[PDB]
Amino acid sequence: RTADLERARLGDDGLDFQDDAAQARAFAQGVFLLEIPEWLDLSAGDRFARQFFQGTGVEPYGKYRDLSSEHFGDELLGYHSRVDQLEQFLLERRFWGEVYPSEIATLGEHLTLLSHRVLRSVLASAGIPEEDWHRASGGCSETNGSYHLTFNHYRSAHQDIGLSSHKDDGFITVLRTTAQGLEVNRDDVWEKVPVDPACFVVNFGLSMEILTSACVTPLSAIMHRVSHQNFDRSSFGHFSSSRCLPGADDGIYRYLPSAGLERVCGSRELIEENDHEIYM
C-alpha cells in the first residue's frame, strides 16, 4: 500500500536517476523522489508551514493569516481556508520580495531554480525541440513562468478528507513533506507516498499532461490526495505554471510532433477550472 518510487538527484548533467529504465518509469508514473541539496536550508519554510495560520500573536510568521486575497488583487493568493481539512497561504513570485519574509523569498528562489533544472531534463527527454521550450512551458523552461510558493496546514479537528483527490495545474510541483498522508493513485489503486525528509516529492501537473498528450510517451499528471489527518500536518510546495498574471497570460499548449504548439486554453483559466473541480 506504499508506492515504490524512483529516487533522483540533480547532478552535473541534469536529473540523474539510477539508470535509463528508472528514469523512464519515474516519468511514466508521473511522480518520483528528488534528493534535497545538502546546502539547502528548509527550516524557515518548515516553520512558516507550522505558523502561517495562527495569527499575529505567533512570531515570526503567524501574521500571514491576516493577508486575504483582497490584499493582492488576485483571488488565488493569500490565506485560504478550504472545504477540506487544508488551509493554505499561497503567493506568486511577483509578490515574494515585497510580501514574504526575506528568508522565505530566498527559499522560493532556490526552489524556482531547482525546478527549472528538473523541467528542462523532462522537456529534453520528451523530444520537444529546444526553441519551442519557452512558449511550451509558458516561461518555465527559463525563469519566466508563474511560481507559487504555497504553505499547507491540515486542521485535524475538521471531519474532512485532508485534501481531495486532484491533479496540480502546472508543469512541475516540488513538494516538501515530512509526515505521512500523501497518497497517489497509480493504476487505479491508492498508495501512500513514502516519507523521506531528505527528499522532495516531484510530480507533474495538468499542463505537463496536456503538453505531452500527443507525444509518443505521454506524461501524466498524477492523481493524488491527502488522507484524513487525526493529528495536525503541514507541508509546502513550489508550483511552476505557465505565466498566469491577470492581463499577461501565456497560454497552455499541446505539442503536435513534427508540427508545433497548438493553444489549448489559458493558464489562469486552467487554474480556476481545476480549483473549482478539486473542491466542488
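Rigid core: the largest C-alpha set superposing within 1.5 Å between the two forms. Residue numbers here begin at 1 and follow the sequence given.
Q: With the rigid core as the fit anchor, does 249 to 257 or 219 to 227 show bigger C-alpha shifts in 7 other deposited structures of this protein?
A: Greater root mean square C-alpha distance in 7 other deposited structures of this protein: 249 to 257.
Q: Can you tell me whether 240 to 248 has a higher mean C-alpha B factor than 36 to 44 in this record, or the other way round?
A: Between 36 to 44 and 240 to 248, it is 240 to 248 that shows the higher mean C-alpha B-factor.
Q: Where do the C-alpha atoms have the higher mean temperature factor in this entry, in 67 to 75 or in 197 to 205?
A: Higher of the two, by average CA B-factor, is 67 to 75.
Q: Among the modelled residues of its chain, does the C-alpha B-factor of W96 lie in the lowest, middle or highest third?
A: It belongs to the middle third of the chain when residues are ordered by C-alpha B-factor.
Q: What third of the chain does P218 rank in for C-alpha temperature factor, lowest, middle or highest?
A: As the PDB entry reports it, the C-alpha B-factor of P218 lands in the highest third of its chain.
Q: Sort the modelled residues of this chain by their C-alpha B factor and say whether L86 lands in the lowest, middle or highest third.
A: As the PDB entry reports it, the C-alpha B-factor of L86 lands in the lowest third of its chain.
Q: Tell me, lowest, middle or highest third: where does the Cα B factor of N185 rank within its chain?
A: Its C-alpha B-factor belongs to the highest third of this chain's values.
Q: Can you tell me which third, lowest, middle or highest, the CA B-factor of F53 falls into for its chain?
A: Lowest third - that is where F53 ends up once the chain's C-alpha B-factors are sorted.
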